[PDB]
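Chemist: Dumping the structure here so I can ask a few things about it.
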Amino acid sequence: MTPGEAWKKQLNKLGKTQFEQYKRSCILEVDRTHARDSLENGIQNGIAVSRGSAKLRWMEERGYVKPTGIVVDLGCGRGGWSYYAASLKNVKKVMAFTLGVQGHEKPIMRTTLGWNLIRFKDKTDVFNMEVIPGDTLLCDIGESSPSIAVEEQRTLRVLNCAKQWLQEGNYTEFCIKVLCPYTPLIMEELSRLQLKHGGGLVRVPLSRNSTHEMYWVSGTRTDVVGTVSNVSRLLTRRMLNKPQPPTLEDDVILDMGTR
Ligand SMILES: C[S@@+](CC[C@H](N)C(=O)[O-])C[C@H]1O[C@@H](n2cnc3c(N)ncnc32)[C@H](O)[C@@H]1O
Numbered sequence: 007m008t009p010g011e012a013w014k015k016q017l018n019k020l021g022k023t024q025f026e027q028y029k030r031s032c033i034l035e036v037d038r039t040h041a042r043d044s045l046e047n048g049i050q051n052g053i054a055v056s057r058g059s060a061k062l063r064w065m066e067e068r069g070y071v072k073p074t075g076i077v078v079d080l081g082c083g084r085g086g087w088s089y090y091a092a093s094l095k096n097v098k099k100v101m102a103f104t105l106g107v108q109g110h111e112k113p114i115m116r117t118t119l120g121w122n123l124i125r126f127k128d129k130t131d132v133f134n135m136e137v138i139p140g141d142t143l144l145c146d147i148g149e150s151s152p153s154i155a156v157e158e159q160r161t162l163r164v165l166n167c168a169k170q171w172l173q174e175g176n177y178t179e180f181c182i183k184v185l186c187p188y189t190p191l192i193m194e195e196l197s198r199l200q201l202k203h204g205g206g207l208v209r210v211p212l213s214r215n216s217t218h219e220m221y222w223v224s225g226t227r228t229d230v231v232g233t234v235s236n237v238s239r240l241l242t243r244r245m246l247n248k249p250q251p252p253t254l255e256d257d258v259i260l261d262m263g264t265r
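So in PDB author numbering, spot 42 of the sequence shown is number 48, and the numbers just go up one at a time.
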């Protein structure tokens, strides 16, 4: 077992309240009270449509991804990454795609800075669509499962998708979710991908401890095995220690207007 597989097995043993306590222990967390109020009421202001905006902000503020030019957002959901990207000065267009049916999050219409540069398309399976060329590739797809096998499969689908888009579309910036980075097969594929496409792996401190998600990004360089293991060891130490409440930080608030 890798440390990550070992972590997953332990996670699966937690009861309901153990799991809840664990999942937010020692993490960073944005205060979503205002955002949720605004969304429930359809109020047009600068709040982020999802928790995801803050994750992309954390990576973008550190230069791990520097959205520019034509941005594609695969698995956009409500659109938290798309709206965040659209607000950035180097960004020309955002093409955003998501399933958007049967319970899956539909894009939410907002008027934050650059909204007019986004084209949202629902009813799209990004794994079964033609590559379109662009400059920035974002993909935030990866649904957790109790089963390592299922998470591994879901992750390989995303990595196979990203590989094809990166090869055919001439992208230069990327930020790709790796749901399950810790199995041998995935680590193997990540090493191969890095050899051809560069980049590194980052753990966003806003991610909950109940997911081992990391992001493959163009604006750093890391190894695979040690970098992933370090995260496994942190998540394991947090599960063995008593839980502590998360550290709150201000959520993403964007300016308004067209670009
Ligand atoms: C983690 S959410 C993205 C959160 C988003 N980055 C945000 O900030 O709001 C991933 C989204 O991918 C969508 N999705 C999953 N599989 C997909 C697929 N095969 N094609 C298109 N969208 C998919 C899901 O419905 C979900 O809404």
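For every residue, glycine included, the Cβ atom is placed at its ideal position computed from N, Cα and C.
#1: Give a yes or no on whether the C-beta atoms belonging to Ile-138 and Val-100 are separated by under 7 Å.
#2: For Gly-175 and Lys-202, I'd like the C-alpha separation in whole angstroms.
#3: In or out: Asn-51 buried (at least 16 other Cβ within 10 Å) or exposed?
#4: Excluding five sequence neighbours on each side, which residues of the same chain lie with their C-beta closer than 8 Å to the C-beta of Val-164?
#5: By the three-class DSSP mapping on this structure, what secondary structure does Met-7 have?
#6: Quick check: does the Cβ of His-218 come within less than 6 Å of any heavy atom belonging to ligand 1?
#7: Determine contact between the segment 189-200 and the segment 230-241, defined as no fewer than three beta-carbon pairs at a distance below 8 Å.
#8: Taking the beta strand (DSSP E) that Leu-143 falls in, what are its first and last residues?
#9: Can you determine whether any heavy atom of ligand 1 sits closer than 6 Å to the C-beta of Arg-125, and answer yes or no?
#10: Could you give the DSSP three-state label for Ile-154: helix, strand or coil?
#11: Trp-171 to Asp-79, Cα distance in whole Å?
#12: Count the other CB atoms within 10 Å of the CB of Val-223; is the residue buried (16 or more) or exposed (fewer)?
#13: Which stretch, first to last residue, makes up the alpha helix (DSSP H) that contains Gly-58?
#14: Pick from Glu-26, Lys-19, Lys-22: whose alpha carbon is nearest that of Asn-215?
#15: Report the option in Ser-56, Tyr-70, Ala-41 whose CA atom is closest to the CA atom of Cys-82.
#16: Distance check for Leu-199 and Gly-86, CA to CA, integer angstroms please.
Modeler: Inspection of the coordinates gives the following:
#1: no
#2: 14 Å
#3: exposed
#4: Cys-145, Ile-147, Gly-148, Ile-182, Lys-183, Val-184, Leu-185
#5: coil
#6: no
#7: yes
#8: 142-145
#9: no
#10: helix
#11: 12 Å
#12: buried
#13: 58-67
#14: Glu-26
#15: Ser-56
#16: 26 Å
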